[PDB]
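Quick setup: one chain, the form deposited in one PDB entry, written in structure tokens, and binding and motion questions come after.
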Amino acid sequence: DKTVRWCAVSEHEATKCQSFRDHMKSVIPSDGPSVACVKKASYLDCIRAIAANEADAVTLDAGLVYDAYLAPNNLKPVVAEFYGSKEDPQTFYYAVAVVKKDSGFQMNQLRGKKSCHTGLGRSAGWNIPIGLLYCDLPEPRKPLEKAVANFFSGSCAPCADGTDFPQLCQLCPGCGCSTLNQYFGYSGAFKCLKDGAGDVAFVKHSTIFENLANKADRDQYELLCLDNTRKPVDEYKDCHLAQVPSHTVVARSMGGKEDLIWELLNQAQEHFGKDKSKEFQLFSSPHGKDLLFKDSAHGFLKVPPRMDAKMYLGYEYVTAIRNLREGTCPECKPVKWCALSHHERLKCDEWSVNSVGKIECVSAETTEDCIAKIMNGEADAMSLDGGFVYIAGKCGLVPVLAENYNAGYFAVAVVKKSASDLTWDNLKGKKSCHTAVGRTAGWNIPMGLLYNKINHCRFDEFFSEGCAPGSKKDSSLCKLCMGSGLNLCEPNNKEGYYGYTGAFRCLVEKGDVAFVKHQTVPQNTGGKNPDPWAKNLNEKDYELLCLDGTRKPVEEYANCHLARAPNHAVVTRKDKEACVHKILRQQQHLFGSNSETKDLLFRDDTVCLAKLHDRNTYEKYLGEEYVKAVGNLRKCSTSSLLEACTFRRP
């Protein structure tokens, strides 16, 4: 059987689940998914059932998505309910802090102000802001209401205990826990700000737009960002306290059956979803409200498979809720560097002990895994090719420092001098060598420029064949690669044509054109590289293709390049930007220009780690032309972390 066991947490839900079961039988072929129904006492029991292999799937709110993720449950998000509309599916809501224009304070300045909350215990209006402010609250932090009552000078916090903590009901005497209190709920809490009662209102991104029809009025309001700046109210996507998913189907991390659940839910929406007019309807029940799914849902979206619960809830939300559950507070710490190999780890380990604690080490198996650990706080920093910076940036990370070599390197197209046919003007049908797909020199620049000329990104149909590590194994752009077994065409060291040098090797041995950097050929010719394939080459036998259509010697790169490359950059979270900026400059003035293999942690031709000033965004660091180009190349991108990040922020 291909059966999905759906977990119900009430008798009304089990009835609906059984009806679900029975109607699906009429629409799904016998080799298709079917439904079984397991009734438990509560969401937490469902979670346990699923983790114990007595059930398979349940739909949860964000706080339970969190519980479900914790050991020993280890469930993950697999399907999202969406709202509003088929054309523009709404999956998340943003908790925001709204304030009046020119009220003159930042998030790190909330102590002593007046606050408006939608209601005690509510997500946007209470658990998130109080969770993120947790360690700012005065001691003792239990009971929590007491500590909040001594942080804000006065508040309106519906359903708080005003009898014990009157300060909390100062702007709404009684703390009425119903719509009889004028300041209850979303519009209530917004109204509390608008009427001048409060200085800040903890609400959802949409609250302001639902209460103020004219832009003229909304301009009188702003949002507090976590980075202690303000932004306009329609910029909540870049200025929110937390991004939060509405309603999320979860499942075991290993053991699924993710695939079956999607095939089930997807077919269910297609026959029984919103507006499908059958006697059974997936998103209502005669038996009561919100049974197994929210009645307001318009359907389901598949959660990208790379996504785990920390990633899906997001860093700010997880921080907030950990604080509320654990309640632990500090009194820069150590920068946790991310290693990608045994050899990278060994350099990092001896860096750690040499830094005397200031640096610690964490490893992952791929760059993307490392980036994900930085997103979620398992790690803090690593250095990355510009192509990975773009991905890190789309995932909410920022560049802090650039690696310097001497404006950065030159991206160049190398060819054999002998074959004097080749020109930039027509490389159609030629054999190409790339460092890896998605890297600056190897891909993003050259194929960026190439995209403008052919108006598609199926480059495996432009070139005859090639080696471009990270391509699909059966692609013509894996035909020239030299890795054996599972390593063929892999973007790592077990593929000998991977990377700057690898791509040049590829040209020497098999290719017609190699996309690399200006100092690749010089460093691998004239006997400098002793390996048999490079030992006897001299740079005079190689030429560069200029945008002109002409060709020039290798050392002539300054007048014969494809474009200026952004340098490789250190990235981190905005919340560690300052600590990473400090420690690394303090570490490089100790261990800089004053690896045991090649290019470990930082490129080997790096002299110093440079300040960025105004370029501390991926867009500003890479430049707009680079970003536009990568945008065009995504149409053919295979990056599953990028797919996860963009699911959350299109």
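Take the two forms, find the largest set of C-alpha atoms that superpose within 1.5 Å, and that set is the rigid core. We number the residues from 1 along the sequence you see.
Would you say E331 is commonly dropped, meaning unmodelled in a third or more of the other compared entries that have residues on each side of it?
Yes, a third or more of the compared structures omit it.
Residues with no coordinates between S26 and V27, taken from the deposited sequence as a class:
The entry has no gap there; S26 and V27 are joined directly.
Just how many deposited residues go unmodelled from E331 to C332: none, 1 to 3, 4 to 9, or 10 or more?
Going from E331 to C332, the model skips 4 to 9 residues of the deposited sequence.
Comparing 338 to 346 with 88 to 96, which has the greater mean CA B-factor as deposited?
On average, C-alpha B-factors are higher across 338 to 346.
Comparing 231 to 239 with 304 to 312, the one whose average Cα B-factor in the PDB entry is higher
If you average the C-alpha B-factors of 304 to 312 and of 231 to 239, the larger mean comes out for 231 to 239.
Residue selected from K417, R122, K142, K114 by maximal Cα B factor:
Comparing C-alpha B-factors across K417, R122, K142, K114, the top value belongs to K417.
Tell me, please, which of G104, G408, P166, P532 has the highest C-alpha B factor according to the deposited entry?
Among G104, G408, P166, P532, the highest C-alpha B-factor in the entry belongs to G408.
Taking the C-alpha B-factors as the PDB entry records them, is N354 in the lowest, middle or highest third of its chain?
According to the entry, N354 has a C-alpha B-factor in the chain's highest third.
Chain third (lowest, middle, highest) by recorded CA B-factor, residue given as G499:
It belongs to the middle third of the chain when residues are ordered by C-alpha B-factor.
Can you tell me which third, lowest, middle or highest, the CA B-factor of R648 falls into for its chain?
CA B-factor rank for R648: middle third.
Would you mind ranking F82 by its C-alpha B-factor against the rest of the chain and naming the third, lowest, middle or highest?
Lowest third of the chain for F82's C-alpha B-factor.
Can you tell me which third, lowest, middle or highest, the CA B-factor of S593 falls into for its chain?
Its C-alpha B-factor belongs to the highest third of this chain's values.
The following text describes the form deposited in another entry, which does not appear among the structures shown.
With the two forms fitted on the rigid core, I'd like to know which residue in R573, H298, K191, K347 is displaced by 2 angstroms or more at its CA between this form and the one not shown.
The only residue crossing the 2 Å threshold is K191.
Establish whether a shift of 2 Å or more occurs at the C-alpha of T423 between this form and the one not shown, with the two forms superposed on the rigid core.
Yes, its C-alpha moves 2 Å or more.
Flag for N493, CA shift 2 Å or larger between this form and the one not shown after aligning core
Yes, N493 moves 2 Å or more.
After core superposition, I'd like to know whether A514 moves between this form and the one not shown (criterion: C-alpha shift of 2 angstroms or more).
Passes the 2 Å threshold, so yes.
Closer or farther in that other deposited form: C-alpha pair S187, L291 (3 angstroms or more)
Result: closer.
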